[PDB]
There are 4 protein chains.
Amino acid sequence: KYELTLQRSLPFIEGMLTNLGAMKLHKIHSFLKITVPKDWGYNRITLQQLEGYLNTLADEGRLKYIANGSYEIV
Amino acid sequence: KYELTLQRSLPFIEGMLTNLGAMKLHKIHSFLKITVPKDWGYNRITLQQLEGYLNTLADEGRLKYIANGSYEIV
Amino acid sequence: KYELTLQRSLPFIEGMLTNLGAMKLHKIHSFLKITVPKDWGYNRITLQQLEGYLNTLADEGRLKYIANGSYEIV
Amino acid sequence: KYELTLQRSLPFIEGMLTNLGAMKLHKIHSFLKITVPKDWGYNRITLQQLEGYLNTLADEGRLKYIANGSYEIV
């Protein structure tokens, strides 16, 4: 639900995209549900909360959107 | 390179598709490279050997191809 | 709770032990809880069901107990 | 080989200890080998470099050593 949980999952988002290349929003969400330690949560995060976070990272120069719907790491 | 390696990685292919939903051939390949324990190999498997194996699973009723290029678990 | 679930998780027990070396019962149990896809369960398995299953694998020649309490893969 | 790589693997070290509880040096090392994305390395890190890093974290108050040889997260 909150930015701290999103902040804590940033490394897994980066690792994921680094290992597999560009991924779609829903796939990133599902993968986080299993890779981010349960204690840090993530289980309460919704896809729209994730989408907003990813777009913010894209806005900075950390991630590159990429037409059609996927996010790639810069 | 061989079917025993592919046979040994069937569970990770299933788990992957179960956790993330339908996936494209190249993403499944990339993911297997990191998730299948190195000792069982997989590192030697080419994408055409994987594609042939996934189609065999789809031919049986284990997987569902799905137009445009993705495999989903049944 | 059942052997089919344990049977389905055998590949993850093997991989885990292959990647990390000999492990203690409780660590194997905790790791299975997060690595075995939730849809196959495992969440219902108790540590005494796991222990009985591992000892059976040890009785065959698939696993090696190893004094003090850890199981190593053969 | 360097601290930048160890710095990048801190989140995985934390996650690991969070999901599994206290772990021994060698197990932490083996786990990082498979979990830290290959591109960030880690493959070049030796166990004495890891031990030095973990002891520095323990020194600060980020990790708790714990007699007999394991590291727990604080």
# chains A, B, ... in the order shown; residues from 1 in each chain; ligands from 1
>>> residues_around(residues="segment 45-54 of chain D", least_positions_apart="3", cutoff="7 Å", atoms="only C-alpha atoms", output="list in words")
residues 1, 25, 29, 42, 57 and 58 of chain D
>>> closest_atom_pairs(of="chain D", to="chain A", cutoff="12 Å", atoms="only C-alpha atoms", output="CSV")
residue,atom,partner,partner_atom,distance
D:7,CA,A:11,CA,11.3
D:8,CA,A:11,CA,8.3
D:9,CA,A:11,CA,8.9
D:10,CA,A:11,CA,9.5
D:11,CA,A:11,CA,6.8
D:12,CA,A:11,CA,8.3
D:13,CA,A:37,CA,11.3
D:14,CA,A:37,CA,9.2
D:15,CA,A:37,CA,5.8
D:16,CA,A:37,CA,7.9
D:17,CA,A:37,CA,9.6
D:18,CA,A:37,CA,6.9
D:19,CA,A:37,CA,6.0
D:20,CA,A:37,CA,9.7
D:21,CA,A:37,CA,11.7
D:34,CA,A:19,CA,11.6
D:35,CA,A:15,CA,9.0
D:36,CA,A:15,CA,7.5
D:37,CA,A:15,CA,5.8
D:38,CA,A:19,CA,7.5
D:39,CA,A:18,CA,7.4
D:40,CA,A:15,CA,8.8
D:41,CA,A:15,CA,11.6
>>> select_by_dssp(residues="chain C", states="strand (DSSP E or B)", output="ChimeraX atom specification")
/C:23-24,63-64,70-73
>>> atom_distance(atom1="atom CA of residue 61 of chain A", atom2="atom CA of residue 74 of chain A")
7.1 Å
>>> residues_around(residues="residue 69 of chain A", least_positions_apart="4", cutoff="12 Å", atoms="only C-alpha atoms", output="mmCIF file with C-alpha atoms, in the first residue's frame")
data_model
loop_
_atom_site.group_PDB
_atom_site.id
_atom_site.type_symbol
_atom_site.label_atom_id
_atom_site.label_comp_id
_atom_site.auth_asym_id
_atom_site.auth_seq_id
_atom_site.Cartn_x
_atom_site.Cartn_y
_atom_site.Cartn_z
ATOM 1 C CA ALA A 22 11.849 -5.815 -20.320
ATOM 2 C CA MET A 23 8.688 -7.072 -18.576
ATOM 3 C CA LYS A 24 5.010 -6.171 -18.542
ATOM 4 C CA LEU A 25 3.317 -4.557 -15.580
ATOM 5 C CA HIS A 26 1.259 -7.586 -14.556
ATOM 6 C CA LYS A 27 4.259 -9.943 -14.777
ATOM 7 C CA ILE A 28 6.392 -7.620 -12.632
ATOM 8 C CA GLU A 51 2.039 1.153 -11.971
ATOM 9 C CA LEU A 54 7.117 2.288 -12.039
ATOM 10 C CA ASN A 55 6.019 5.386 -13.966
ATOM 11 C CA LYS A 64 12.524 3.070 -19.694
ATOM 12 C CA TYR A 65 8.873 2.444 -20.487
#
>>> select_by_dssp(residues="chain B", states="helix (DSSP H, G or I)", output="JSON, numbers by chain")
{"B": [3, 4, 5, 6, 7, 8, 10, 11, 12, 13, 14, 15, 16, 17, 18, 19, 20, 25, 26, 27, 28, 29, 30, 31, 32, 33, 34, 35, 38, 39, 40, 47, 48, 49, 50, 51, 52, 53, 54, 55, 56, 57, 58, 59]}
